[PDB]
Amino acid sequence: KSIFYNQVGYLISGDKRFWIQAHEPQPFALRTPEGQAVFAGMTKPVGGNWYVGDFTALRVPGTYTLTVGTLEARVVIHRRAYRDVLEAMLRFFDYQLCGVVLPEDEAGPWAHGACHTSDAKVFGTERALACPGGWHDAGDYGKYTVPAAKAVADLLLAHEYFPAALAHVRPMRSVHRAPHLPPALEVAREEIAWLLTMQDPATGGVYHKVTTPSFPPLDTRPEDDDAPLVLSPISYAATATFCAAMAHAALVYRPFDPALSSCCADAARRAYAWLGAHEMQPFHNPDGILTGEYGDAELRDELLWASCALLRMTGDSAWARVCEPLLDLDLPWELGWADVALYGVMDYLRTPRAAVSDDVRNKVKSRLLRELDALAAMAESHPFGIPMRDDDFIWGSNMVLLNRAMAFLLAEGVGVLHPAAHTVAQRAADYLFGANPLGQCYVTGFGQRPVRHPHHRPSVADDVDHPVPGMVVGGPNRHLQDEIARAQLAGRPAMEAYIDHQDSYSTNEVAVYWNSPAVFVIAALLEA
């Protein structure tokens, strides 16, 4: 038996909760490290077989010993408890940089020379094309347009919403250009710059991904990976998500990098022209390409996002003719990577009210509220207070969770203020940092039970026991979609369907689009 808690820490002014498996209320105490009790209370039932202890009213910063029954845990309370972990989570993006020297003074053990520097060949042609830069998507070295757009969107949103919190962190500053932009925008620019090179100049269409034809060994260092790079065909989804992301970037970078902003604005417009002239064809891996497909049969949510993004970028009411009918569809309103309608909803809602139909706008806001109410209900019935059900624990469940937390916080910027918003955010972070049935901190390098063996090639290649820090893992996946999970996790409840093993890619991989909602949510909490 043990105490389950936020292993990174708690905010002075934030909610403070711990969990234990018990069958009745027990007293508990928080004590200074010399041992004197500073706070005492009683645990209370929350379902399954869980009790919780609330020590929110302890406001004095320090490292305390939580004791309950015969168990003890070490809990930290601090003004900005999540500053280190947010910085690590943002630095992950720079650790993923492709085609750039990462020096040892910035990147420590994981420093390396520029990787994947060769030109990629366009699929089914002899043509070559340079598209250097950007991020290795995940545990592999491929760069995929569709998930890249979500990661960029999320970082841009975190800058718009929580610039003060983000001002307190430092990326790998010396690998980026001077004069230095604010942290989120500095980091995001490297991906935006890469995305721009994935657009076909002749048509406006965007290539779906650039990868080697297959995955290299788990042991491969990035600079050792010398297989030819292949540009997979142009896709509707890539072109639409590129459009939306570039349109978002055009607005955000206006006062920071006017050349980039103007360049993104025009690229978004050329992408949208491509969408207008082409069919909504789902992407499938071409033959001889075995890397991540990032396919998606439903493409109207991507068009929605592209259209709403351009609406807000231009402020032209003309775009609302095409947006508002897409906003009426029964699409799921989610934050990607495949179901991206809520990004579009947010662009629509953050457009000047004069540019849109007031009728439609209030209906959109009403639906957003009903959605949040539904998520809030899930959270009430869950023992750890997270907006999740057992069936939500799929591949990348940590992202499912963080996107839901993100939705509550995004809504507060568009006049939909749900009372559960900040509780949900705190519970999400608590869960991510150890307040779960496995007592598992799902970020590398933090907490008392960190992730130690992520499915991540740079980590596997150097030290298989000490990985790159600040990486958020996929989390429990009840579908057991790799050999290690099938072997070791059959019959376990959904939230326990995780294993810290380097070969469990379906529960223990990492991704730029899993760090990006975590950056947003943790930034929100830091803005205390």
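We call the rigid core whatever largest set of C-alpha positions still superposes within 1.5 Å between the two forms. From 1 onward, residues are counted along the sequence shown.
**Study point:** Between stretches 26-34 and 463-471, more displaced by Cα RMS in 6 other deposited structures of this protein (rigid core superposition)
**Key:** When 26-34 and 463-471 are compared in 6 other deposited structures of this protein, the bigger C-alpha shift is seen for 463-471.
Practice item. Taking the mean of the C-alpha B-factors per stretch from the entry, tell me the winner out of 136-144 and 157-165. Key: Comparing 136-144 with 157-165, the higher mean C-alpha B-factor belongs to 136-144.
Review point. Do the CA atoms of 122-130 or those of 227-235 have the higher mean B-factor in the entry?
Key: That would be 122-130.
Point to revise | Residue of maximum C-alpha B factor among 94, 373, 430, 219, per deposited coordinates | key: Highest C-alpha B-factor among the listed options: 219.
Check your understanding: Checking the entry, which one of 108, 204, 344, 454 has the top C-alpha B factor?
Key -> Answer, based on the entry's C-alpha B-factors: 108.
Exercise for review: Can you work out whether the C-alpha temperature factor of residue 528 puts it in the lowest, middle or highest third of the chain?
Suggested key: Highest third - that is where residue 528 ends up once the chain's C-alpha B-factors are sorted.
Review point. What third of its chain's C-alpha B-factors does residue 20 belong to: lowest, middle or highest?
Key: Residue 20: CA B-factor falls in the middle third of its chain.
Exercise for review: State the tercile, meaning the lowest, middle or highest third, of residue 471 with respect to the CA B-factors recorded for its chain.
Suggested key: Residue 471: CA B-factor falls in the lowest third of its chain.
Review point. By the record's CA B-factor, is residue 301 among the lowest, middle or highest third of residues in the chain?
Key: Lowest third.
Check your understanding: Thinking about Cα B factors across the chain, which third does residue 287 belong to?
Key -> CA B-factor rank for residue 287: middle third.
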